[PDB]
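Enquirer: One line per chain: the protein sequences are A and B, in this order. When the letters of the first sequence are read in order and numbered with UniProt numbering, they come out as residues 140 to 238. When the letters of the second sequence are read in order and numbered with UniProt numbering, they come out as residues 140 to 238. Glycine included, each C-beta is placed from N, C-alpha and C at the ideal position.
There are 2 protein chains.
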Amino acid sequence: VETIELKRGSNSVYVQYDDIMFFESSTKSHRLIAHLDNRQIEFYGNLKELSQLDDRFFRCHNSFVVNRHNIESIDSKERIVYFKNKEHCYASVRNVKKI
Amino acid sequence: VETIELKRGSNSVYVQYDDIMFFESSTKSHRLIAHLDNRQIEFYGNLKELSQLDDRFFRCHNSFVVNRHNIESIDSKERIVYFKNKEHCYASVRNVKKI
DNA sequence: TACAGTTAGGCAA
DNA sequence: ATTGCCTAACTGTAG
DNA sequence: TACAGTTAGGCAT
DNA sequence: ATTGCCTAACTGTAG
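1) Rounded to whole angstroms, what's the CA-CA distance from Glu226(B) to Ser164(A)? Just pull it up for me.
2) Look at the alpha carbon of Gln155(B) and the alpha carbon of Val140(B), and state the distance between them as a whole number of angstroms.
3) My assumption, with CB atoms under 8 Å, is that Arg170(B) sits in contact with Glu188(B). Please give the rounded CB distance.
4) Less than 8 Å between CB atoms is the rule here; does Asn177(B) satisfy it with respect to chain A?
5) State buried or exposed for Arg233(B), treating a residue as buried only when at least 16 other CB atoms are found within 10 Å of its CB.
6) So, is the C-beta of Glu163(B) closer than 8 Å to a C-beta in chain A?
7) Closer than 8 Å, CB to CB, is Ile172(B) near chain A or not?
8) In chain B, what lies closer than 8 Å to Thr166(A) by C-beta?
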């Protein structure tokens, strides 16, 4: 229905859009980490294209793409985005305005 | 032989000491993330006790415990610790001296 | 070093 | 099995 | 805003 | 399927 492949070489992981809280960059070259309800998945991708898939995926920071549908709350004073699963990331200066 | 349980509630994950590159803190309360060769595992634990399990686990930062056995290289000028799997973390001011 | 700012994990739910 | 509020202990930076 | 420092992802392997 | 080197675009901070 709303599926995405997270490409991983020797397999792929497939997930639904709204299974994902957010994505962030890994320390491994050209890898991201998809944050799901209570698993994190290492995979090959670019933040840019993922934010261009759907309006709910908002590139809130150079290093983070958040799913609007899974925001639990937002401290826009500290610029922390809270998710349903109690993870959080940060919205940059430039992007917090437009969430 | 050298096994550790990563307690996760509705299951546990068990791993060998040297399967683990390093541990870091999650954004989820009282959870850590174990970094294995190419998976990251969310679990309930404290950095302190893990560094006390074995000398190879060195608490190199408030937020990181590294496995000495899986260090690939160390930039002690930038204070970045590189691991066999091409992840890296940072050694704090206080701890980089003693690795 | 000592200082203004951040956080791991205790305590309660 | 999970979640927040708190503070003792850490963190990076300048003098 | 404009500035000194950091990084996502292109290009090569 | 993986890894490093590079730079255009981001990042936080002070004036």
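Expert: The answer reads as follows:
1) For this step, residue 226(B) is matched to residue 87 along the second sequence. For this step, residue 164(A) is matched to residue 25 along the first sequence. Their Cα atoms are separated by approximately 12 Å.
2) By one-based count along the second sequence, residue 155(B) stands at place 16. By one-based count along the second sequence, residue 140(B) stands at place 1. When rounded, the distance between both Cα atoms is 8 Å.
3) Position 31 of the second sequence, counted from the start, is the residue given in the question as residue 170(B). Position 49 of the second sequence, counted from the start, is the residue given in the question as residue 188(B). Going by Cβ atoms, the distance from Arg170(B) to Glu188(B) rounds to 14 Å, so no, they are not a contact pair.
4) Here the question's residue 177(B) lines up with position 38 in the second sequence. Using a Cβ-Cβ cut-off of 8 Å, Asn177(B) counts as an interface residue toward chain A, since at least one Cβ of chain A sits closer than that to its own.
5) For the purposes of this step, residue 233(B) is taken as the residue at position 94 of the second sequence. Exposed.
6) Working through the second sequence from its first residue, we reach residue 163(B) at position 24. Not one beta carbon of chain A lies nearer than 8 Å to the beta carbon of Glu163(B).
7) By one-based count along the second sequence, residue 172(B) stands at place 33. Yes, contact with chain A.
8) Numbered from 1 along the first sequence, position 27 holds the residue referred to as residue 166(A). Those within 8 Å of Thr166(A) in chain B are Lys225, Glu226, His227, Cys228.
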